[PDB]
Amino acid sequence: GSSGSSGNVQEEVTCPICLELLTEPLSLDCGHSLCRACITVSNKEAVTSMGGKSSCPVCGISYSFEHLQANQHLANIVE
Ligand SMILES: [Zn+2]
Ligand SMILES: [Zn+2]
C-alpha cells in the first residue's frame, strides 16, 4: 500500500563472499563480518607451498585472532 515507512535502514552485515545472511559472524581486525565457514578452513592441500591463515576476502588485510584479545587496558590513541 504505502511506501517509505518502515524501511529506512542501511546496514552492511552480509557476507560479501558467499552473499548470504549473517546470523553470528566474527568481526575481523579491519572491521568486517563473515560466516564461520567462509572463514575457517578444513580442506588444507597446501603442501608444495607454506602458509595457512584466514585472509580477508572482503578487502585483503592480514589480521589475527589474538590482537583482539591481546590488549584490554593499555590501548593506543586513534583520534
Ligand atoms: Zn559467508
Ligand atoms: Zn576486511
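Just so it is clear, none of the values below were taken in a lab; they were calculated from the coordinates. Here the Cβ is made from the backbone with ideal geometry for all residues, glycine too, and neighbour counts use every protein chain on show.
Starting from the Kirkwood radius over alpha-carbon pairs of the chain, derive D by Stokes-Einstein at 20 °C in a medium of 1.002 mPa s and give it in µm² s⁻¹.
In µm²/s, the coefficient rounds to 136.
Taken along the Cα-to-beta-carbon direction at a fixed 7 Å, the label points for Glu66 and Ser2 span 5.6 nm. Loop-located trypsin sites (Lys or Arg not before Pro) in region 14-79 (DSSP state other than H, G, I, E, B) with a sparse environment of at most 14 neighbouring Cβ atoms within 10 Å: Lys44, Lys53. Sequence-distant contacts, meaning Cα pairs under 8 Å at least 6 residues apart, place the relative contact order of the chain at 22 percent. Using the charge dipole of the chain (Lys, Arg: +1 at Cβ; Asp, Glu: -1 at Cβ; taken about the Cα centre), state which of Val58, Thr40, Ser2 has its Cα farthest towards the positive end. The listed residue farthest towards the positive side: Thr40.
For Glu79 and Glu24, a Förster radius of 30 Å and the Cβ-Cβ distance give a FRET efficiency of 0.50, rounded to the nearest 0.05.
What is the dipole size for the chain, taken about its Cα centre, with +1 at each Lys and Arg Cβ and -1 at each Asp and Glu Cβ, in debye to the nearest 20?
I would put it at about 220 debye.
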